[PDB]
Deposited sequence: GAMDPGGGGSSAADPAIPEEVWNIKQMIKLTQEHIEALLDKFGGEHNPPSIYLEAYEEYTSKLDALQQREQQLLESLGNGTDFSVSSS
């Protein structure tokens, strides 16, 4: 309708990504493995990707 359904779907992916990021952080503890830190960077990047796609859809 007025709001593209894709905005709502991105908002859902954003929340799943934040939850995933929180689960990642919930497994940090002294010298945490590079594989965790790299995943953290991957999902924060994915978060920035979703947010730009959303702000770009919001040219209403």
Unmodelled spans of the deposited chain sequence come out as 1-14, 43-44, 77-88
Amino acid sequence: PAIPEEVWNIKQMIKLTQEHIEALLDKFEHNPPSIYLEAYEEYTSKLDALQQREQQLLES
From here on, numbers count along this sequence of modelled residues.
Grab the CA temperature factor for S45 from the record and place it in the lowest, middle or highest third of its chain. middle
Using only modelled residues of the chain, where does the Cα B factor of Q12 rank: lowest third, middle third or highest third? middle
